[PDB]
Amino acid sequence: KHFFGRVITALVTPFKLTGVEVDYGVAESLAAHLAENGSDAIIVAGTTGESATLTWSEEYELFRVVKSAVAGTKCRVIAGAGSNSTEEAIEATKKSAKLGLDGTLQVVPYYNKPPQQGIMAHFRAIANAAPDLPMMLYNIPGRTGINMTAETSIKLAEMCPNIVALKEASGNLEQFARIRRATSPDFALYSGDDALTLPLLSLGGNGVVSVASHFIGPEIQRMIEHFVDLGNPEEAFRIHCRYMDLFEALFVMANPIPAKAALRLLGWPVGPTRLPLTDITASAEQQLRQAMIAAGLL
């Protein structure tokens, strides 16, 4: 019923041992594994994929490679093609169109703090650069340093018909409800935060763009199913409760440091992160390892 589904995994970007090169091979098999484990869609080279330290070429190859890894399946492949420069976002979005990806994810500009009319112009121009490519907006004030308001989000959903979803990680519940109330039900509203998935479902949300779906995709699907389809909020919450420690553990250091460490411990050789992200500490690794054991993953 929604193009990008209920669970979208923000894919980590595997690197070889030194960090210097991407491991496209590990990227393929990891993406294929997610497509058979509850990911309805995958975001490539977004925040969790270390967008900031990838070059544009690396991103374009990752897009091509991940799209081939999941051909055969209903898994949609979304390009993390945003930027705080409209020109750069436009170029990347056009490249995503020519590669035949299923859509893009577009973050609100970070660092340069545009006015609301700037955010709006930024996204119009990007939507216009590939008018037939579905687009998911991404609002994350904690990283960007500004908030896209309800008004701006709603206006964008009306003006550009290829803008069909919003990844809302502000934690602002009123904003989320207002956007939901005023957009058409064909517009998808996704949690950008595993710990907020459940309460955002209560305000009309359609699922989650998740980090934890690398590990518990089918269980996140089951949670959403209990809540939205089967009228069992008590069971949705029983699942949320099983995985709160893991959700906390995945953010005890900045994402994707824990996500990558967890994958390495499960036998997925996704490599280190690139500077400025440093290695997981002994303390954070122990909390993560413990949370994984209690969640039944080791």
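The first residue of the sequence shown is number 1, and the count goes up from there.
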{"property": "42-50 versus 238-246 - greater average Cα B-factor per the deposited record", "result": "238-246"}
{"property": "Average Cα temperature factor in the PDB entry - higher stretch of 139-147, 96-104", "result": "96-104"}
{"property": "Residue with highest C-alpha B-factor in the PDB entry, from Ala121, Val208, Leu166, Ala71", "result": "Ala71"}
{"property": "From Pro109, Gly192, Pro218, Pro115, residue of greatest CA B-factor", "result": "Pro218"}
{"property": "Relative C-alpha B-factor of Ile280, binned into the chain's lowest, middle or highest third", "result": "middle"}
{"property": "CA B-factor ranking of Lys260, expressed as a third of its chain", "result": "lowest"}
{"property": "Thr9, C-alpha B-factor rank within chain (lowest, middle or highest third)", "result": "lowest"}
{"property": "Chain third (lowest, middle, highest) by recorded CA B-factor, residue given as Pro199", "result": "highest"}
{"property": "Relative C-alpha B-factor of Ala81, binned into the chain's lowest, middle or highest third", "result": "lowest"}
